[PDB]
Structures are given as structure tokens and as C-alpha cells.
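Before any comments, here is the structure.
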Amino acid sequence: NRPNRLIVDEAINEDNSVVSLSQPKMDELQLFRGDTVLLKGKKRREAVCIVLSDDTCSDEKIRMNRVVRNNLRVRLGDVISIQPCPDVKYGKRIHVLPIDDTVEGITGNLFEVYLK
Amino acid sequence: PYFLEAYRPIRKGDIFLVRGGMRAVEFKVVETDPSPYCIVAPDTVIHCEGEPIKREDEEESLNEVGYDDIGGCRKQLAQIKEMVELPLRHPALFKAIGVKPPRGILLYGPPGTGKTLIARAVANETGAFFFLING
Ligand SMILES: Nc1ncnc2c1ncn2[C@@H]1O[C@H](COP(=O)(O)OP(=O)(O)OP(O)(O)=S)[C@@H](O)[C@H]1O
Ligand SMILES: [Mg+2]
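Note that the protein sequences, when read in sequence, are chains A and B. Residue numbering for the first sequence follows UniProt numbering, beginning at 21 and increasing consecutively. Residue numbering for the second sequence follows UniProt numbering, beginning at 137 and increasing consecutively.
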């Protein structure tokens with residue numbers, strides 16, 4: 021009987037790293053709207069996001085985007101554990117690579133147009 | 137009557153066209169003695185005796201149909217050029233954009249108003265491959 025197992029509903033916000041929660045569930049769960057949470061999913065795959073608040077969100081349901089939903093191997097109506105983690109530090113080198121199907125038309129630059 | 141008070145600038149290897157006498161006729165400027173290009177003056181003796189030669193297989197003929205054989209439908213021919221010319225001129229660029237082109241264009245009108253002609257002219261002038269299915 022834990023208050024951290026939550027179930028995915030449809031997203032309203034448009035960002036790729038924002039999850040939403042209702043305010044009494046955050047106050048029970050000891051979360052503030054600037055925190056940096058850790059999210060576990062099926063096949064032991066986990067994700068990291070920024071939480072914010074909502075009133076249209078219920079307590080038994082969390083609202084997350086499709087990009088987070090596909091990086092956790094989760095579909096609509098499945099179970100995900102959330103936990104606070106302020107153990108996140110900054111970085112030095114981050115290595116990114118495009119995926120082969122979406123980059124067959126354009127050639128030239130990719131840093132200043134997209135990532136900047 | 138063609139070169140009289142004209143002084144047409146010609147070059148070696150060009151095909152030109154003359155109308156008159158219920159027939160159009162082609163010629164090719166084969167050889168100039170001040171090589172290669174000149175202006176036809178009354179000084180020039182013009183050799184018009186010999187055998188009419190064969191074509192090269194990539195010489196675009198003048199009995200084909202182009203946009204100058206169509207009259208009276210300026211607006212519609214402008215619309216068909218706007219729909220069709222860009223996806224057939226630049227296939228790679230237009231695939232690289234990510235917009236869909238049109239794919240079905242239905243021409244309609246009364247019988248005898250030149251629909252087969254318009255399709256044939258757009259096909260010749262863009263240089264695309266052209267397959268004709270008849271009903
Ligand atoms: N706008 C036009 N400008 C010049 N010649 C035209 C024009 N419309 C028709 N013609 C002449 O009319 C001939 C017959 O036109 P078609 O292309 O056969 O018209 P059509 O759309 O084929 O009519 P149907 O229904 O197929 S019989 C053409 O070969 C041209 O000689
Ligand atoms: Mg016809």
C-alpha cells in the first residue's frame with residue numbers, strides 16, 4: 021500500500037521532459053514543482069524528468085508525453101514507480117547520434133539548426 | 137524571302153525552321169567557311185544541293201507538340217504547370233521537403249476542346265516519361 025505506484029493517462033502539456041502530478045499526491049509523495057524525478061518501467065528501463073503541477077490531473081493517474089512513454093516501454097494504463105532524486109549532477113561530454121531513417125533527406129549541418 | 141532584310145545570326149550545327157506552302161520545313165546549318173558562326177549577308181553563297189540527311193536520335197523534333205500549339209486556355213494551362221512542373225522538375229528536392237504533391241488531376245470539358253493535346257504538351261515540355269492508356 022504505497023503512494024508512489026502510478027498509472028499513465030494522456031498528456032496535455034507539449035514538452036518532452038515534463039511530467040505532471042496533482043498537488044495532494046505531490047504533498048503526500050514529498051515532491052515540489054522544481055524537482056527532478058526518477059521513473060522506473062518495464063524491462064528495467066528508467067527515465068528522468070521535471071515534474072510540475074496540475075488540477076485537472078487526478079491522484080491515481082499521471083500524465084506524460086509520448087516520448088517519455090516510449091522510452092519506458094510503457095503503454096496507456098500501465099504501472100510506473102516514481103521517486104525523487106536530487107542526486108543529479110552536471111556533465112562534461114555528451115555524445116548524440118541521429119537515427120538513420122529521419123536523416124535521409126537533409127545533409128550539411130545539424131548542430132546550429134536543431135540542437136542549439 | 138527568309139534571309140531578305142533579316143541578317144540572321146547563324147552558327148554551325150543549328151536547326152532552323154521555315155513555314156509556307158501548306159507545310160513546314162526543317163534545315164540544318166551544316167558548314168560555314170568563316171567558322172563557326174556568322175551573319176548571313178548577300179555575300180554568302182548558300183549551298184542547297186545534296187541529300188536530306190538523317191536525324192540524330194536525341195534531336196528533339198519540331199513536329200512534336202508544345203505549348204505554342206494550344207490557344208484560348210491560358211489560365212488552365214497556368215494551373216496545370218503550377219501543379220505539375222515542380223514535382224517533376226525536382227524530384228529529389230521535393231522528396232527531401234516532406235510535402236505531399238498532387239497525384240490525381242482530372243481534366244474535363246465538352247468533346248473536342250483539346251484535352252489529349254494539353255496532356256501531350258505537358259509531357260513533352262517537362263520531358264517526363266509518358267505512358268498512354270486508352271479507354
Ligand atoms: N485549344 C486548342 N488549340 C488548338 N487546337 C485545338 C484546340 N482544341 C482542339 N484543337 C484541335 O482539335 C483536335 C482534337 O482535339 P482533341 O485533343 O481530340 O480534344 P479532345 O479532348 O480529345 O476531345 P475528345 O472528347 O477526346 S473527341 C486537336 O488535335 C487539335 O487539332
Ligand atoms: Mg481525347
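Where a beta carbon is used, it is the ideal one built from N, C-alpha and C, also for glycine.
Give the C-beta separation of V94 of chain A and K62 of chain A to the nearest angstrom, bearing in mind that I take them to be a contact with Cβ-Cβ under 8 Å.
6 Å
Near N33 of chain A, which residues of its chain fall below 8 Å by C-beta distance, leaving aside the five closest residues on each side in sequence?
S40, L72, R83, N85
So who's on the other strand from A67 of chain A, going by DSSP bridges?
A:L59
Using the C-alpha atoms, what's the distance from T127 of chain A back to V57 of chain A?
37 Å
Any beta carbon from chain A within less than 8 Å of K231 of chain B's own beta carbon?
yes
For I126 of chain A and chain B, any beta-carbon pair shorter than 8 Å?
yes
Between the C-alpha atoms of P247 of chain B and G240 of chain B, what's the straight-line distance to the nearest angstrom?
21 Å
What separation, rounded to the nearest whole angstrom, lies between the Cα atoms of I206 of chain B and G156 of chain B?
20 Å
Using the Cα positions of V201 of chain B and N260 of chain B, report the straight-line distance between them to the nearest angstrom.
7 Å
Kindly list the residues whose CB is nearer than 7 Å to the CB of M219 of chain B, restricted to its own chain and excluding five residues on each side of it in sequence; keep chain order.
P238, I241
Please check the pair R144 of chain B and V176 of chain B, which I expect to be a contact at CB under 8 Å, by giving their CB distance rounded to whole angstroms.
6 Å
How many angstroms separate the CA atom of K236 of chain B from the CA atom of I151 of chain B?
40 Å
If you check the beta carbons only, do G97 of chain A and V28 of chain A fall under 8 Å apart?
yes
Work out the CA separation of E80 of chain A and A67 of chain A for me, nearest whole Å.
20 Å
What does DSSP give as the partner residues of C174 of chain B in its beta bridges?
B:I146
If you measure from the CB of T252 of chain B, is any heavy atom of ligand 2 nearer than 7 Å?
yes
Does ligand 1 have even one heavy atom less than 7 Å from the beta-carbon of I206 of chain B?
yes
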